[PDB]
Amino acid sequence: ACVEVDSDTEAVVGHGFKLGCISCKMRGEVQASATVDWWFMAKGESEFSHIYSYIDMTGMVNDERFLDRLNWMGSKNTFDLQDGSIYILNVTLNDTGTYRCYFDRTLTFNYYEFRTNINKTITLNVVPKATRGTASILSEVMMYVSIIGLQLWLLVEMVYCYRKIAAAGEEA
Amino acid sequence: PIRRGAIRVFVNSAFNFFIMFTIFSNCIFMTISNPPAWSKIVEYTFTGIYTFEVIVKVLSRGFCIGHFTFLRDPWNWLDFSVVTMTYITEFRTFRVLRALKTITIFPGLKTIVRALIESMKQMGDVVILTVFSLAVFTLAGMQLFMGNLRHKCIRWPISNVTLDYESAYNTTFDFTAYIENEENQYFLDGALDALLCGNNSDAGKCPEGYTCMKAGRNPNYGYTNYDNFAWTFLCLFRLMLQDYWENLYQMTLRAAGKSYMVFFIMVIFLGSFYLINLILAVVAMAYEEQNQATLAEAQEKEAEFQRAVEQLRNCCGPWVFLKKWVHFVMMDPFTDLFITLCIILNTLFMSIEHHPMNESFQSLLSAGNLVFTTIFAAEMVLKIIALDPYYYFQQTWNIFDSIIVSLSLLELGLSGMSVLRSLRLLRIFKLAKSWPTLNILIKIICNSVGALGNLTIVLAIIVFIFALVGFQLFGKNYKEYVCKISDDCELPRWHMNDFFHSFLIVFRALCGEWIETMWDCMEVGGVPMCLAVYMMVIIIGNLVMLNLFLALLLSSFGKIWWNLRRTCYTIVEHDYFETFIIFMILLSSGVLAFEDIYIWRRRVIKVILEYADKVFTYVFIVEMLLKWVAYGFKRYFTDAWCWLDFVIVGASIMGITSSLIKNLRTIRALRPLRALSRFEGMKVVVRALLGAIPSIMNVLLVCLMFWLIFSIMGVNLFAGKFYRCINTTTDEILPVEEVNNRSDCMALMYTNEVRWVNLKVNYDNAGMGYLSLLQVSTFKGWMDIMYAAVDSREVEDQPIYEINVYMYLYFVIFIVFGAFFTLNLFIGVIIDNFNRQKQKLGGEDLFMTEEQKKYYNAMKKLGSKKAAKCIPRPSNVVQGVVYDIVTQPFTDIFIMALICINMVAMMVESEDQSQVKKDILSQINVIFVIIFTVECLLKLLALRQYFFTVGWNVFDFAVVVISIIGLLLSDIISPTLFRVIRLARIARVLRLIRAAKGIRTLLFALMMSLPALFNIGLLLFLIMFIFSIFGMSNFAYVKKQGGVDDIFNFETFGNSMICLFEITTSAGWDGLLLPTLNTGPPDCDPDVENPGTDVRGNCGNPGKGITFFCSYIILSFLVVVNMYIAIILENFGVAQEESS
Ligand SMILES: *[C@@H]1O[C@H](CO)[C@@H](O[C@@H]2O[C@H](CO)[C@@H](O[C@@H]3O[C@H](CO[C@@H]4O[C@H](CO)[C@@H](O)[C@H](O)[C@@H]4O)[C@@H](O)[C@H](O[C@@H]4O[C@H](CO)[C@@H](O)[C@H](O)[C@@H]4O)[C@@H]3O)[C@H](O)[C@H]2NC(C)=O)[C@H](O)[C@H]1NC(C)=O
Ligand SMILES: *[C@@H]1O[C@H](CO)[C@@H](O[C@@H]2O[C@H](CO)[C@@H](O[C@@H]3O[C@H](CO)[C@@H](O)[C@H](O)[C@@H]3O)[C@H](O)[C@H]2NC(C)=O)[C@H](O)[C@H]1NC(C)=O
Ligand SMILES: *[C@@H]1O[C@H](CO)[C@@H](O[C@@H]2O[C@H](CO)[C@@H](O[C@@H]3O[C@H](CO)[C@@H](O)[C@H](O)[C@@H]3O)[C@H](O)[C@H]2NC(C)=O)[C@H](O)[C@H]1NC(C)=O
Ligand SMILES: *[C@@H]1O[C@H](CO)[C@@H](O[C@@H]2O[C@H](CO)[C@@H](O[C@@H]3O[C@H](CO)[C@@H](O)[C@H](O)[C@@H]3O)[C@H](O)[C@H]2NC(C)=O)[C@H](O)[C@H]1NC(C)=O
Ligand SMILES: *[C@@H]1O[C@H](CO)[C@@H](O[C@@H]2O[C@H](CO)[C@@H](O)[C@H](O)[C@H]2NC(C)=O)[C@H](O)[C@H]1NC(C)=O
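Residues numbered from 1 in each chain as written, not as in the entry; some residues may be left out. Chains lettered and ligands numbered in written order. Heavy atoms only, no water. Residues with missing side-chain atoms left out of burial classes, pairs and counts.

Per the PDB record, the structure was determined using cryo-EM to 4.00 Å resolution.

Draft legend 1. Inspection of the overall build of chain A at higher detail. The helix and strand tally for chain A stands at 1 helix and 9 strands. From first element to last, N terminus to C terminus, chain A shows the α and β order β-β-β-β-β-β-β-β-β-α. The C-alpha radius of gyration computed for chain A amounts to 27 Å, which surpasses the reference 16 Å derived for 172 residues by more than 25%, pointing to a less compact arrangement than a globule. Out of the 172 residues belonging to chain A, those deemed buried represent 33%. Taken as two groups, the 15 positive and 21 negative side-chain charges of chain A have centres that lie 2 Å from each other. (Helix = DSSP H or I, 4+ residues; strand = E, 2+ residues; numbered from the N terminus. Rg over C-alpha atoms; globule rule 2.2 N^0.38 Å. Buried < 20%, exposed > 50% of the residue type's maximum accessible area, 1.4 Å probe, protein only. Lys, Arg positive; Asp, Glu negative; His and termini not counted. Charge placed at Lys NZ, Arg CZ, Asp CG, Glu CD.)

Draft legend 2. Representation of the side chain of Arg69(A). Considering the arrangement of structural elements, one finds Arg69(A) in the loop between β5 (52-54) and β6 (70-72). Among the polar contacts made by the side chain of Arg69(A), one reaches the side chain of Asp95(A) at a distance of 3.5 Å. (Polar contact = N/O pair within 3.5 Å; in protein donor to acceptor, adjacent residues only side chain to side chain.)

Draft legend 3. Structural context of the site of ligand 4. Residue and element names in this part refer to chain B. In the neighbourhood of ligand 4, the contacting residues comprise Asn-740, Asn-741 and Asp-744. The side chain of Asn-741 places a nitrogen or oxygen atom 2.3 Å from an oxygen atom of ligand 4. A distance of 3.1 Å is found between an oxygen atom of ligand 4 and a side-chain nitrogen or oxygen belonging to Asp-744. Burial of ligand 4 by the surrounding chains reaches 16%, relative to a free accessible area of 730 Å². (Near = heavy atom within 4 Å. Areas by Shrake-Rupley, 256 points an atom, 1.4 Å probe, with all protein chains shown as cover.)

Draft legend 4. Fine view of the interface of chain B and chain A. Tallying the contact residues gives 39 residues for chain B and 35 residues for chain A. Summed over both partners, the interface of chain B with chain A comes to about 3,600 Å²; 63% of that surface belongs to carbon and sulfur atoms. Among the residues chain B hides against chain A, the three largest losses belong to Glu208(B), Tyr611(B) and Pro1091(B). Together they make up 20% of the total. With a shortest N-O distance of 3.4 Å, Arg601(B) and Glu4(A) are connected by a salt bridge. Here chain B is connected to chain A by 7 residue pairs in polar contact. For the side of chain B that touches chain A, the elements supplying multiple residues, two or more each, are α24 (559-573) and α26 (604-638) of chain B. For the side of chain B that touches chain A, the leading source of residues is α26(B), giving 8 residues. Residue composition of the side of chain B that touches chain A, grouped by class: 21 nonpolar, 7 polar and 11 charged. (Contact = heavy atoms within 4.5 Å. Buried area = accessible area lost by both parts, 1.4 Å probe. Salt bridge = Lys/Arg side-chain N within 4 Å of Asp/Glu carboxyl O. Nonpolar A, V, L, I, M, F, W, Y, C, P; charged D, E, K, R; others polar.)

Draft legend 5. View of the state of the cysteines. Tallied over the entire structure, the rule returns 8 disulfides over all chains. Between the sulfur atoms of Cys2(A) and its disulfide mate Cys24(A) the distance is 2.0 Å. Taking the sign of the S-S torsion, 85 degrees for the link of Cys2(A) and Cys24(A), the bridge is right-handed. With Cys2(A) in the segment before β1 (10-12) and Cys24(A) in the loop between β2 (17-22) and β3 (32-33), this residue pair connects regions lying 22 residues apart in the sequence. The side chain of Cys197(B) participates in a disulfide bridge whose partner is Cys212(B); the two sulfur atoms lie 2.0 Å from each other. (Disulfide = S-S within 2.5 Å.)

Draft legend 6. Expanded view of the pattern of salt bridges. All names here are of chain B. Under the definition given, this model contains 44 salt bridges over all chains. The salt bridge involving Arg-508 is made with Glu-516; its shortest N-O contact spans 2.3 Å. Classification of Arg-508 by relative accessible area gives buried; the value is 4%. For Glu-513, the salt bridge is made with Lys-780, and the minimal N-O distance between the two is 4.0 Å. Residue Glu-513 is classed as buried on the basis of its relative accessible area of 6%. Take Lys-780: its relative accessible area is 13%, and that puts it in the buried class. Each of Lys-40, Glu-43, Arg-92 and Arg-95 takes part in a single network of salt bridges with overlapping partners.

Here is the structure:
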């Protein structure tokens, strides 16, 4: 099948991170032809730039902050695409900002070449020394609340049953 | 005088055996294409021969009055009709109706057509029950879906700069003519329709640039639209009989919405329900046609006995000695069970026919069967010498063995006709005598020719009669308007343009697949005449089958340590611990259905699932602990249910261990099977079924063995001949202008892209053929199998389009002997097997626990008794003659009329009718609501408290309060809500039941057995639940072809439950099978990345694929046949307390 997922945005410094963008064609079926363009709003100011462009070869963009570093782990081969995710090797704190992918596709149906375009936006947030994600920690703790809580009703009711019946045990 | 002379001629046999010949020659003549040398002279020949018979039949019996006495019998009556018409055509089905002579001559057939018409006199009480019942689903099914199948996927025109299809400069004029066009719209490759798309939130979206508009052609040819009452009704009728109903289901869910499964569960389940209510009318009729056969015939065995009683008052020495050396060993039982050794051993030896078979096998199996031929010959010749040849002959198995030996030695001379090897394998039935239940199957097959051999001819005639009807009325038409049907004007694979194809198309339409013919038929034929035949060929055809299929059945008749244990056992006894486990089961399994694809999309629920299963597992560890010290190791393991909780939670031990394999995601996926122990209602079903199973094994053994002979035979005919040389681009098979061999197929591949592909489900092995033999029994996917199989030429040759069309017989000679007589035995054992368990093992009855038995009995006192007298005359100057208004029967019948005009008021609601007609309907609807509201209000005042008593009045006051809401909701108005608001209008038509009486009795028996009908589905839903989650972890993302197009996939638990139900009634199981069957590339991108999930490849395994469905259809077919029992014992249970 095919399901689009909104990527992770909490990242760890000195690290190879994945911002994966998936745009699924409303009808995963009809033969397309695609191109990916990444854009970047820094927290310097609100001015985008080319940082990455792709058509069935590596589209490498000179932007020296990001140059000599990136890598395509999008959909390889068929240039149908759908899933473009690039990796940011060796992340530093200067990378914190907002990404905007552009898939532009010429779906060539088989009757009439037509084109359309999609935008997803990802706000990268660089945090040192990675945590677990506050719902892996949270469900870590709620598990042992229930487990201890139960381990009590078991020794509550057993002690409570145990007193009760040896008390009826002296009548036998 | 001259008149008298005729009477000598009339009473003869030797003139009637001329009439027996002029039918048997005109029967065969009417078949073929018309020959011109044997011209209309022949047409005129068999004209006068019937006239020369009718003249003698009238110049026997008097002058005009005498001729009239002549016409007192109906048979002599038809004869006039046929000749009367034939004679007129001097200056045409009536030529065909000559073949009805066949029935007139034989005095044995006249008992049958005298039975099969009198049985239709009785059944007419239940037609109205159903045709009214079908029509109340149509008005439900029409108002939900009016014009929903009409939806098409239409383009939105280009807003470009240049004026190439400029509609952002002008889209005003062409609109209504634009969207009709096929070129503008969409339809994926290989579909003679467009792409139904409905724009509800969930249902079946369409490619970008296109939109979901209403207007278009209709599905198929036009004969599927809901718009208009009849066609929708026909579809509704289609859904009752299950004829290709999956497609209708598929095009409704796509068009209207995914969430309209609930409509097709009410339809299919009731659709099934009325089928069993027709059948039980025949049971209560076809007993009466065999009660009188035991009333008067024993009385005629007494009438002859009473009257009869009154009347009374070196070499020749060894011509016997070596004969005795033969005669000693034959009567010894070391000959007897030696032969059954060689018969079974001959069967297997034959069966190992793998397809390629190099010289190792190809010499082995050749030289193997010649050894058994020596065995069978020396079996024969040493039994000729033994007991006089004639004596050996008299037993027919000695005669049947005699037959095969001659056949057996034929094969050596030949060195296509190698089906003759397999006629050894009918000697298995020889086994039967020792065997218990095959001795019922050869009792059944011999019964279709013996004491019930009269009836099979009536089947064999009436099946034939419609093969001459459809030949005459349409055979010239398919030549002349062929083009409507195909693309290239070449004559489809089911045509009327000959007899023999015509015959199949009535043999198909008798099996219950008659829509796929009618779509064609109506178009190249006509709308009224085609529909007149098919509705007839069921209603006659179905009735004939039922009598045959019923009548075959009815002729087949330490001090602290101890205290600790008690506490452990005492805590299990509590309702609180037991229902705490029950909520732990339903919540563990409810997280389990969150498993598939979309789980990578939501992040937190991947985490919730990961941590919750430890706690759920830990609860079941505590339960596995506390079951032990309750029951102890002996009593815990010996309980049957308690085995599972050791297994499934034990597989959770072996899962939590292996942190310190992927096999055990299967078991966890099986853990909601454990609710069978916990819920009481299911257990009764599990217990009853277990009782069913031991016998079922024995019935199964017969059929597997019986089919096996068919499977062995099939491989011989077809094996490896199914290969087809296929072009890649269109997936049309290559013509055979080029490619007769596969060896010359390869050369083309070298230059080009064209490939030589096997058929996926075929007769390549005796077991792979076994599967393809299952498909051609349950009628799904069988079309593909044949088309290849007809066209087969050799082991290497390429199949041309239409060689060898006489091989439809192998399926027809099967589907009768392997589906009809097989299944009629299977029902013959169960409905005895529940006669033994209910009487002998039954406590009171079945499928009901302990309180359901009392609530069953609470519903018995409801029907039989409940009658109050005159109420609340309440004379008063404020309320005087109002008691006459409620109670006079001048009223009660007239309110029937006020529904009945309102019933046909809603039957004219069609699609695209215009406001004016619509406006009248809206005005009419308001008037109807007012009449009952005034009436019910009138009833309320007169009867004050007392009337509220009748529950019909309460129902009456149920429905009108609903219908008030239906108009004020419309003054408010979401399209989805508004249609289901109009579903409330249907319930006025349900008020006609207490008029009916006839309907109301049988429809009450639905209520009577509905809690037993609740468990049968509850275990059924559990069964569906198991295969859904087992489907998702395997059969998501398989390459979507055929039945798994865009909705009906196992991507989620959302789409699986829809997908499975379609397969519970064993439709479309072929549709499902092909993707999962396919493996590798071509057809697998594997290493392929679905964008989003974590698993590569779209490959589907053939191991997991086959046993998924084949062990679902066996689990389909038990529990639904279990369901038909708990209706039939209750509606035949009403017919005995009623008579007495
Ligand atoms: C969900 O599904 C529904 C239907 O199932 C879709 O509804 C369709 O949406 C289209 C665009 O939103 C509609 O197209 C418009 O329809 C007008 C219809 O006018 C016809 O005129 C002829 C003339 O004789 C009449 O007989 C017909 O009965 C119609 O009334 C077009 O004329 C219209 O073009 C413009 O309309 C404006 C008026 O507002 C004009 O002033 C203008 O100059 C131009 O003519 C346009 O093409 C389509 O009709 C409609 N279907 C139906 C049955 O009404 C939804 O769009 C679907 N949802 C989504 C999101 O796609
Ligand atoms: C970017 O990240 C990569 C891995 O994610 C880091 O890899 C490192 O790349 C440097 C390249 O100079 C390697 O240095 C090497 O040193 C040896 C010995 O001094 C020398 O023989 C080589 O010619 C090369 O200069 C380094 O070993 C390698 N690390 C590992 C574990 O293999 C890299 O640190 C990051 N980029 C930068 C600029 O730091
Ligand atoms: C399998 O089916 C495909 C699809 O029909 C066949 O491909 C077709 O091959 C023929 C030549 O054999 C092509 O015909 C030529 O088309 C051009 C148009 O550009 C025309 O100017 C020529 O006069 C000639 O008609 C045809 O275009 C081509 N179809 C497609 C869609 O490419 C193929 O031949 C079939 N396989 C075999 C083994 O025959
Ligand atoms: C399928 O295979 C058979 C043989 O296995 C093919 O029959 C062979 O067809 C070729 C040409 O179609 C024949 O070759 C020519 O024969 C004449 C006869 O004198 C000879 O003078 C030529 O020099 C050339 O060899 C060949 O004789 C013939 N053999 C037999 C045994 O029939 C058949 O053509 C194949 N199917 C298709 C569609 O090609
Ligand atoms: C991230 O970018 C900032 C640019 O402002 C860099 O900060 C400067 O680094 C240079 C070293 O080349 C220092 O001389 C400057 O003093 C820094 N700026 C200020 C305002 O103090 C920073 O070095 C970059 N990050 C990395 C890892 O190089």
